[PDB]
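Here we start with a single chain on its own, the form deposited in one PDB entry, put down as structure tokens.
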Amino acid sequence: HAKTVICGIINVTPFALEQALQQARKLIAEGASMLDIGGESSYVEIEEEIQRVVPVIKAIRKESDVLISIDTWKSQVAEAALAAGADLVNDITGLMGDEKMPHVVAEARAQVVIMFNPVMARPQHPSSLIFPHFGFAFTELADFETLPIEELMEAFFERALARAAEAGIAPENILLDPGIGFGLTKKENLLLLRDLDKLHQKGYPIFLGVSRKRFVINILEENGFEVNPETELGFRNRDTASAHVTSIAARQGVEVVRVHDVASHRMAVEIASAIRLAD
């Protein structure tokens, strides 16, 4: 199969155009094969989000054929971004935050990343408390509160995939993201990483968030590594640590990794893929 694709993160802060565009050039030059453009954070909110992402996507498209993902759970943002040149929707709510999102994805013949969102699945969970509310979902959740994380992920994807099917999104256009670092305990995050192959066995490509995750940073700090991101050494250690997770992921055929620091993950991908693809 093909080596792991590296998807670089571009967050457009609410001049912003030019900074996003600078980072786009940087990540492309470091070997990103995809860019994930995000503008998050009512009609006023949607319009402001559109005005962040659409300029950037048009600008990037003029000088690059790179695959562009629009990172939004809002159908209106996705529709506008796809029209402007984005190739796929990265939906952190996995089609559960907006009932219109499946139709938008289908009509555009676009690809979609369906993220498992444990925050929406377990709103009262201790790890989810500090997160915002995603979405414009689930009935009276009681069951979800109890379920072992892998069972809950399956339950969530069953619902999300049903939504994709009644919209007519082709199965081959769907990627799954297990939602690492989104309202999960340390053990759960590690279990989901351990069991990436089980997720892959479902038959969809995996889009994996490996970058600057709190549980990984906690492994470093408890083992004596500097982790302060306002130091050169801490900043570096954080990215190297994420790149170790990419090494593992790429070796087992994960199709896409979503990352901040493309260069460090390129090292990991090239090593890991050379091994995986030895014969």
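Each residue number is its position in the shown sequence, starting from 1.
The same protein also exists as the form solved in complex with a small molecule; that form is not shown, yet it is the one meant from here on.
**Q** Tell me, please, which stretch of 185-193, 85-93, 198-206, 119-127 lies within 4.5 angstroms of the small molecule in the bound PDB entry when heavy atoms are compared?
**A** Residues of 85-93 come within 4.5 Å of the partner.
**Q** According to a 4.5 angstroms non-hydrogen atom cut-off, is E79 in contact with the small molecule in the bound PDB entry?
**A** Heavy-atom contact with the small molecule at 4.5 Å: absent for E79.
**Q** Residue-level question: is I180 within 4.5 Å of the small molecule in the bound PDB entry, judged on heavy atoms?
**A** Output for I180 is yes: heavy atoms within 4.5 Å of the small molecule.
**Q** With the partner left out here, check for me: in the bound PDB entry, does some heavy atom of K213 sit within 4.5 Å of the small molecule?
**A** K213: yes, in contact with the small molecule in the bound PDB entry.
**Q** I'd like to know if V105 sits close to the small molecule in the bound PDB entry, meaning any non-hydrogen atom pair within 4.5 angstroms.
**A** No.
**Q** Just to confirm, with a 4.5 Å cut-off on non-hydrogen atoms, which of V256, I9, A20, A268 contacts the small molecule in the bound PDB entry?
**A** Exactly one residue meets the criterion: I9.
**Q** May I ask whether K26, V56 and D261 each come within 4.5 Å of the small molecule in the bound PDB entry, counting any non-hydrogen atom?
**A** No.
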